[PDB]
Ligand SMILES: *[C@@H]1O[C@H](CO)[C@@H](O[C@@H]2O[C@H](CO)[C@@H](O)[C@H](O)[C@H]2NC(C)=O)[C@H](O)[C@H]1NC(C)=O
Ligand SMILES: *[C@@H]1O[C@H](CO)[C@@H](O[C@@H]2O[C@H](CO)[C@@H](O)[C@H](O)[C@H]2NC(C)=O)[C@H](O)[C@H]1NC(C)=O
Ligand SMILES: *[C@@H]1O[C@H](CO)[C@@H](O[C@@H]2O[C@H](CO)[C@@H](O)[C@H](O)[C@H]2NC(C)=O)[C@H](O)[C@H]1NC(C)=O
Ligand SMILES: *[C@@H]1O[C@H](CO)[C@@H](O[C@@H]2O[C@H](CO)[C@@H](O)[C@H](O)[C@H]2NC(C)=O)[C@H](O)[C@H]1NC(C)=O
Ligand SMILES: *[C@@H]1O[C@H](CO)[C@@H](O)[C@H](O)[C@H]1NC(C)=O
Ligand SMILES: *[C@@H]1O[C@H](CO)[C@@H](O)[C@H](O)[C@H]1NC(C)=O
Ligand SMILES: *[C@@H]1O[C@H](CO)[C@@H](O)[C@H](O)[C@H]1NC(C)=O
Ligand SMILES: *[C@@H]1O[C@H](CO)[C@@H](O)[C@H](O)[C@H]1NC(C)=O
């Protein structure tokens, strides 16, 4: 039950880190490979690059 | 304990399927019901439109995308100097084939003669780094001449 | 001082596959743990509300699978349908629009089904929307998208002829719309042949649908 | 003790090759390397396309190019100073390690 | 959802989990530690 | 009664199971109480009905080239 508790919290933590990896994959596509008209998505101010 | 384990994995798996839904619901509302401006959200290339298709326990998008495909090199300059005025392109970019200067749209080679319609003035030729001298054709000139 | 500019282009129909709902499952936790025997069930009562927590949690998952499938497909207000005359400016949607001879799925929407694949108190519940109702929503979303641009999402489905819709799509990517009209037959052949490669890809290999088959597995 | 740590598939010296490719694309070719083709474009012309992308018409860049370049160079220099003078900026990464 | 999850966590204090009583002060009123530790360890195992 | 056939139990055999005390109707309405496999139930002219749900009004878009 100590392993099941650890694995359960790593599964939840991995979903939290994947929500951040999907956000990072999104910022890389929409702000490195592009320019964003999405307000406050890529820094404060109007986004340049 | 084996049922508590299963329903715990199943709550965590249902949470990540509810996260591929919402992603699929926004690809529906942005790629299908609109035209997303968002780079690589609706497939690689510039987005044109998408068609949803059903699939068992999922959805499939056929993202129709424009991809620019046969590039040529050109010489270019940020502005053209005319009679001391610096002219900048409206929606285009300036290019040259080495002998003549044109303004073209940015995502397809479409050379146009440079005129006071497709360009706008600001300041003078001293300020801009890398400006080049050229003619600007004035569309009014032959009409006012006749 | 050097810029490269494309003298030509290609239109690519890149497929993307997303899972949307699990198989709705509920496990009758008393009959799973402790089946067909009151002599056992009176011992399971000492664990109190545990078996109610597990039925509650699996019912929460099971109603979310209908909610997901509604949130994805049921975005269209009313079920648009295409005209009899398929006059779409040379573009050929016959492989993605529903076939009335069939289960009224499109051609590609059938390849997608053919490529993809218990009594111990376990139950599998049906989805709220039949797979044929999902095929009506994808038909309506697609019939709006072909006959009426984006404006069926924003309000009334105002018709617009398809060679003017793709000119609005081109203008939306900063390509001046005359680039479409001067190339419309080439653009139609690029789209139609790119749609043809989707049948050939989905017919030839199952490896495309790995995201859905993983969620089934 | 039964516990193990597996290597990442992309080594750190190979992630740094992708970040180099991503910004070396971005610096030489704008966004276009996302849309298939890495079309070269001189950088003061890429920034004029990015000024149009915020509704500041492009002669504002050229008439201020030395100022805008100096503001960028100064601003990126302050990131070295920030990341040298405190470790507290990487709170999210040090927290996922913790 | 929070109120019903928390009321269920509280109702699980009324559950025996195989102990002789639901109430830990009653186990400690009835039994000496060599046996009360077995009863309490069923309640610990269940409540935990 | 989920998954059963009514012979094992105003009765209707839905694809979800045997439904007892709801009047089946040939009409369609928006969904109200969801059952499964396109069936929904509601309280209407009153009594409990069950029906195949309507996804919305049909609309032929007036397209021409
Ligand atoms: C640059 O573009 C111009 C315009 O197309 C070219 O000038 C024309 O060249 C053709 C022969 O290739 C002649 O028949 C035309 O009379 C020319 N027109 C003018 C206005 O001069 C020019 O040749 C191109 N230069 C290069 C190096 O490609
Ligand atoms: C662009 O054209 C102008 C006008 O012909 C050039 O200005 C002349 O520059 C020379 C020195 O190079 C001076 O002696 C003249 O007095 C200038 N004339 C005027 C009217 O100002 C300018 O140098 C050219 N620049 C480039 C890069 O070609
Ligand atoms: C752009 O590329 C397309 C192909 O994607 C070219 O279309 C071909 O053109 C040749 C020569 O006219 C024909 O023989 C072929 O039958 C056409 N189809 C294909 C698929 O190759 C097109 O000519 C190119 N040029 C432009 C500006 O569109
Ligand atoms: C749209 O594409 C389909 C093929 O996917 C075309 O259907 C074929 O049409 C020819 C006659 O032109 C028949 O010999 C074939 O048997 C048809 N194939 C199938 C699978 O039905 C259709 O003609 C095209 N329509 C338009 C308007 O372009
Ligand atoms: C552009 O010119 C350079 C040489 O100056 C060459 O290396 C490059 O391949 C050319 N690109 C195209 C698209 O012709
Ligand atoms: C390009 O670089 C050369 C290096 O000698 C320089 O002479 C020229 O002025 C530069 N052009 C621009 C537009 O910066
Ligand atoms: C229900 O069972 C009876 C048994 O006689 C059979 O006739 C009928 O076809 C069955 N219907 C369904 C839907 O299972
Ligand atoms: C439903 O349709 C059948 C014929 O298919 C008919 O006999 C029956 O009376 C109808 N019932 C209702 C409630 O309309």
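Using Swiss-Prot numbers, chain F covers 612-620, 641-676, 690-709, in order.
Determined via electron microscopy, 3.4 Å.
Here the Cβ of each residue, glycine as well, is placed from N, Cα and C on the backbone.
Features of the protein shown, as given by Swiss-Prot:
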- F:616: N-linked glycosylation site (CARBOHYD)
- F:617-F:649: disulfide bond (DISULFID)
- F:657: N-linked glycosylation site (CARBOHYD)
- F:662-F:671: disulfide bond (DISULFID)
- F:676: O-linked glycosylation site (CARBOHYD)
- F:709: N-linked glycosylation site (CARBOHYD)
Contacting recorded positions for ligand 8, chosen from F:616, F:657, F:671, F:676, F:709 when the Cβ sits under 6 angstroms of any of its atoms: F:657
When distances run from the Cα of residue F:616 (N-linked glycosylation site) to each of the recorded positions F:657, F:662, F:671, F:676, F:709, the nearest one: F:671
Where residue F:709 (N-linked glycosylation site) sits in the secondary structure, as DSSP reduces it to three classes: coil
Among F:649, F:676, F:709, which are recorded as recorded positions, the nearest neighbour of residue F:662 (disulfide bond) by Cα: F:676
Cβ neighbours within the same chain of residue F:657 (N-linked glycosylation site) - under 8 Å, at least six residues apart: F:695
For residue F:671 (disulfide bond): intrachain residues, at least 6 apart, with Cβ closer than 8 Å: F:660, F:662, F:663, F:664, F:665, F:694, F:695, F:697
Local Cβ density at residue F:649 (disulfide bond) - other Cβ atoms counted within 10 Å: 17
Members of the glycosylation sites set F:657, F:676, F:709 whose C-beta sits under 8 angstroms from chain C: F:709
Residue F:709 (N-linked glycosylation site) versus recorded positions F:617, F:649, F:676 - nearest by Cα: F:676
Glycosylation sites listed as F:616, F:676, F:709, least Cβ neighbours within 10 Å: F:676
Among F:617, F:662, the most crowded of the disulfide-bonded residues [Cβ within 10 Å]: F:662
Filtered recorded positions, from F:616, F:617, F:676, whose Cβ is under 6 Å from an atom of ligand 7: F:616
Rounded Cα separation (Å) that holds between residue F:617 (disulfide bond) and residue F:676 (O-linked glycosylation site): 26
Nearest-integer angstrom distance between the alpha carbons (Cα) of the residue listed as 'O-linked glycosylation site' and residue F:649 (disulfide bond): 22
Where residue F:617 (disulfide bond) sits in the secondary structure, as DSSP reduces it to three classes: helix
